[PDB]
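Below: one structure, written as structure tokens.
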Amino acid sequence: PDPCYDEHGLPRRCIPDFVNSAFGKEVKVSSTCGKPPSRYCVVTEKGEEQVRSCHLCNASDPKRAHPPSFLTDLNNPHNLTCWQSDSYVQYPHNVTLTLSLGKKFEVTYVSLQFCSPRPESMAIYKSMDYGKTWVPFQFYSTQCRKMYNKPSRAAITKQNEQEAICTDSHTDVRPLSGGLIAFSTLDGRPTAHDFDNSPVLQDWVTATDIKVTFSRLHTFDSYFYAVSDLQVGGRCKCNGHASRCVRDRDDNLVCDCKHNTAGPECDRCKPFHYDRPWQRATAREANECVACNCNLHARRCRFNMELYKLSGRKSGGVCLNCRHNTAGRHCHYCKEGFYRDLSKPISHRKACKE
Ligand SMILES: *[C@@H]1O[C@H](CO)[C@@H](O)[C@H](O)[C@H]1NC(C)=O
Ligand SMILES: *[C@@H]1O[C@H](CO)[C@@H](O)[C@H](O)[C@H]1NC(C)=O
């Protein structure tokens, strides 16, 4: 029931299913305690009092290790899975964790649940080029102006709708453990209520990797970073041209591009279906790609923009190499010297006789 087409076969927008993409994926952390085994300490406030409690981190005897998988795994609110770096780690040392998504994804949110008090200075970066460069996604720092040099909670008007602003809420110690930091990408952008026609916010959510630079916790002799469950929610960027993604031959995640579009993200038109410039599948117009018209006399075609504009943005469909002794934009008329045969249709393999 491919919903990427409606009842009577018409193309209509379709986007995949919202998932915990983080779920089950590997995180390349910058620190995991246990080797060599080491000392850490946890505060447990009971009433007025503060119960200092210290246990050891040893990797090669597993139960007291803290691997990256605790993050993206089944989190169950009893058996809670807190990853934990090497304790005693400070400023100005980029505790950079890096996740590899696997395909262009338009991210709704990024949420972290801390077992240690929510750090003071962290920052969400993002990579749209698949781990080649990085950019400020959103900052957290009770001292924003110094640390990340950004203004503390910058305002987002029509001119910086892609500047990561820098906040300081939920950067608070309490609760010691359990502090969840839920960042919404599109949150606070003046044109969020029209993402279908906001190509810039469509670029603000376009992400391929995520980097997290912890620079500083709070100033409480052990102290560390521990996180329980990590979720990167979002759908698969198919430009509204596929309602599900799948990995292919040599295992690489690409869309199920419909609408005669081509590409991993459907960004372009499949060969021959260049009759209309690829556009974004929005709320009402699939803006699908369309096969040219050659009357079955050709196999390839380009796209002429005058003929689009000069037609009034209708079709730039120009056939390449009309076979079967025809010619013309739509192979719609015989070659020179070959007369047309009224007994045979234009699409015949001998519609044109000598
Ligand atoms: C966690 O898993 C172990 C499995 O042996 C179980 O004993 C324990 O009760 C579970 N949950 C908690 C809250 O300890
Ligand atoms: C820390 O930041 C510096 C900035 O020059 C960079 O070169 C380095 O790779 C970063 N290190 C880590 C561990 O992220």
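Residue numbers in this text run from 1 along the chain shown.
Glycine too: its Cβ is placed from the backbone N, Cα and C atoms.
The secondary structure of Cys115 (disulfide bond), as reduced to three states from DSSP, is coil rather than helix or strand. Swiss-Prot lists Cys82-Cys115 (among others) with the feature disulfide bond, giving similarity to another entry as the kind of evidence.
A strand conformation is recorded for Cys236 (disulfide bond) in the three-state DSSP classification. Residues annotated as disulfide bond in Swiss-Prot: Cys236-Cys245 (among others).
As annotated by Swiss-Prot, disulfide bond applies to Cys238-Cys255 (among others). Note: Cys255 (disulfide bond) has non-local neighbours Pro16, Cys236, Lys237, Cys238, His241, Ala242, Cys245, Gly263, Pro264, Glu265, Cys266, i.e. same-chain residues 6+ apart with C-beta under 8 A of its own C-beta.
Of all the Cβ atoms in the protein chains shown, 23 others lie within 10 Å of the Cβ of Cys257 (disulfide bond). According to Swiss-Prot, the disulfide bond annotation covers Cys257-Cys266 (among others).
Per Swiss-Prot, the feature disulfide bond maps to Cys269-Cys289 (among others); the stated evidence is similarity to another entry. Secondary structure at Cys289 (disulfide bond), as computed by DSSP, is coil. Of all Cβ atoms in the shown protein chains, 26 besides its own fall within 10 Å of the Cβ of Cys289 (disulfide bond).
For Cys292-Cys301 (among others), the entry in Swiss-Prot reads disulfide bond. The Cβ of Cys292 (disulfide bond) has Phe272, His273, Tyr274, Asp275, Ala298, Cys301, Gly317, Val318, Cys319, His330 as same-chain neighbours under 8 Å, each 6 or more residues away in sequence.
The disulfide bond annotation in Swiss-Prot covers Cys294-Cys319 (among others). In the shown protein chains, 26 other C-beta atoms lie within 10 A of the C-beta of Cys294 (disulfide bond).
The annotation disulfide bond is assigned in Swiss-Prot to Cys322-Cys331 (among others) on the grounds of similarity to another entry. Annotation note: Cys322 (disulfide bond) sits in a coil segment as assigned by DSSP.
The number of other Cβ atoms within 10 Å of the Cβ belonging to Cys334 (disulfide bond), over all protein chains shown, comes to 20. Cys334 (disulfide bond) falls within a strand segment according to DSSP. Swiss-Prot lists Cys334-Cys352 (among others) with the feature disulfide bond.
Under the heading domain 'Laminin EGF-like 1', Swiss-Prot lists 236-291.
Residues or ranges marked as domain 'Laminin EGF-like 2' in Swiss-Prot: 292-354.
The feature N-linked glycosylation site is assigned by Swiss-Prot to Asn58 (among others). DSSP assigns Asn58 (N-linked glycosylation site) to coil in the three-state reduction, outside any helix or strand. Around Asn58 (N-linked glycosylation site), the same-chain residues at least 6 positions away in sequence with a Cβ under 8 Å from its Cβ are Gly34, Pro37, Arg64, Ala65.
Under a cutoff of 8 A between CB atoms, and with a sequence separation of 6+ in the same chain, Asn79 (N-linked glycosylation site) has no neighbours. Annotated N-linked glycosylation site per Swiss-Prot: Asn79 (among others), in sequence order.
Close to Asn94 (N-linked glycosylation site) in the fold, though at least 6 residues off in sequence, lie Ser30, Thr213, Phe214, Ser215, each with a CB less than 8 Å from its CB. What Swiss-Prot lists as N-linked glycosylation site is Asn94 (among others).
Cβ crowding, taken as the number of other Cβ atoms within 10 Å, peaks at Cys331 among the disulfide-bonded residues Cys245, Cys322, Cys331, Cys352. Counting every protein chain shown, the Cβ of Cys319 (disulfide bond) has 24 other Cβ atoms within 10 Å.
Of the deposited chain, 12 residues are missing between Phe220 and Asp221, and the straight-line Cα distance between those two residues is 8 Å.
Rounded to the nearest whole angstrom, the C-alpha distance between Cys352 (disulfide bond) and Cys289 (disulfide bond) is 30.
Ligand 2 lies under 6 Å from the Cβ of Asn94, out of the recorded positions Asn79, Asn94, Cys257, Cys319, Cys334.
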